[PDB]
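Per-entry structural report
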Amino acid sequence: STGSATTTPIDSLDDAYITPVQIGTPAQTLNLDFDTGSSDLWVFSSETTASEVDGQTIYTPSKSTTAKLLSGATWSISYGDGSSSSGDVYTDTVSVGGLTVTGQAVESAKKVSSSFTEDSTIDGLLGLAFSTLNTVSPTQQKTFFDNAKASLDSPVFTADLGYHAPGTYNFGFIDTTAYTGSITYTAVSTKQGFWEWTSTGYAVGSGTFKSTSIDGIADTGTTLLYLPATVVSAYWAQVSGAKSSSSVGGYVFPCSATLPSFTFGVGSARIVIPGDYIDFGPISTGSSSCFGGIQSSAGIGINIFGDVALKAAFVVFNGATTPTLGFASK
């Protein structure tokens, strides 16, 4: 089997992407944030504290003939940005882009933190990291990808995120028309439960390539590119007037600037992030200070190849017995 679904930016900055997901019988379609940095499929629901729901579409298990309470199971998750959610668990039928899993753990939110409430466009998350990070207790549950894997034509999914435009998540096949040149594959460590890999270096603009190992995670659920302070300083030093602002919470730059590209290495191959992808606009409405898309990972504890980086590539998440990651230009 295979599946193919379009993923759409939630706003003009590509702050996140939402993908429609069918849950239950008859289908209830919710727009979920596919997140390769976590492993829970959780939704706003009829059980969510009413004061914490503001415009989201909810899953109502009582209206699904295939929903079953997973008795005694609870979940609770905290994300790298300080947001969180928790609740109980149902199993139900879940379909993405024509690919159907029966018995999928659908984690129903009883509580969500303010950032989730305030984002009317995201109805929940669909985790695509390794199932070892799933938070369901006392019986850990599998991700949608892990459940689908054995049925898939090939045990892979691909992320093809757009810049200010829709893109595609495919399950079970590699669309050879969706990228240019060849896909370069690189080793993955699953030791922390992430799609963790080592970039071979970077370049700023038309500068020379610096060969250096950068361990990090491919994370579709993180907006920006978080890299070591040395790398990030070298990038922003090429933008007149750019500076790190503790009050704003990262590097800002004059909105009048033209940003240089940023290149990252995948083995001997190179992925080029155009300068425009690094512009996240005014720090507040009407400001001439703009927020940078490349930020320091210092104090996160891990480097994160988030959407800024991934949207410059066609990315293969290969879930074979020994997982790997592939990157192609597009």
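Cut-offs and rules
- Residues numbered from 1 in each chain as written, not as in the entry; some residues may be left out.
- Heavy atoms only, no water.
- Residues with missing side-chain atoms left out of burial classes, pairs and counts.
- UniProt positions renumbered as here; feature names shortened; annotations may be inferred.
- Core = buried A, V, L, I, M, F, W, Y, C linked by side-chain atoms within 4.5 Å.
- Buried < 20%, exposed > 50% of the residue type's maximum accessible area, 1.4 Å probe, protein only.
- Helix = DSSP H or I, 4+ residues; strand = E, 2+ residues; numbered from the N terminus.
- Domains from an automatic or database assignment.
- Contact = heavy atoms within 4.5 Å.
- Polar contact = N/O pair within 3.5 Å; in protein donor to acceptor, adjacent residues only side chain to side chain.
- 1 Å grid on protein atoms, 1.4 Å probe; cavity = no way out; pocket = protein on both sides within 12 Å on 5 of 7 lines; lining within 4 Å.
- Points joined across faces, edges and corners; volume = space filled by probe spheres on them.
- Nonpolar A, V, L, I, M, F, W, Y, C, P; charged D, E, K, R; others polar.

If you check the header, you'll see the entry was determined by X-ray crystallography and the resolution is listed as 1.3500 Å.

If you look the chain up in the PDB entry, it shows as endothiapepsin from Cryphonectria parasitica. The header of this PDB entry states its title as "Automated refinement of diffraction data obtained from an endothiapepsin crystal treated with fragment 143". We quote the UniProt Sequence similarities comment for the chain here in full: "Belongs to the peptidase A1 family."

**What about the nonpolar core?**
Within soluble globular proteins, side chains that are nonpolar generally end up buried alongside one another. In terms of nonpolar packing, the biggest core is built from 73 residues, with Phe-171, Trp-236, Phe-262, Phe-264, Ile-273 and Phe-327 touching the most fellow members. Top element by residues in this core is helix α3 (residues 229-236). It accounts for four residues. When residues of this core are assigned to domains, at least three fall in each of domain 1 (5-174) and domain 2 (175-330). Ignoring sequence-local partners within four residues, the contact set of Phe-262 consists of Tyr-202, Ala-203, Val-204, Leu-225, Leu-227, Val-231, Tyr-235, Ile-271, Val-272, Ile-273, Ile-278 and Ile-294.

**Describing the side chain of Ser-297**
Within the element layout of this structure, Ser-297 appears in the loop between β21 (294-296) and β22 (303-305). Within polar-contact distance, the side chain of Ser-297 engages the side chain of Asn-303 at 2.6 Å. The residues touching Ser-297, leaving out its near neighbours within four places in the chain, are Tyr-226, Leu-227, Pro-228, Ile-302 and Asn-303.

**Regarding the layout of surface pockets**
Counted as a void, the largest pocket has a volume near 1100 Å³. Lining the largest pocket are 39 residues; nearest its centre among them are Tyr-79, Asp-81, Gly-221, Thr-222 and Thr-223. At the level of secondary structure, the elements contributing two or more residues to the lining of the largest pocket comprise β3 (28-35), β5 (68-78) and α1 (114-118). Per-class residue counts for the lining of the largest pocket are 18 nonpolar, twelve polar and nine charged. Counting the residues that make up the lining of the largest pocket, at least three belong to each of domain 1 (5-174) and domain 2 (175-330).

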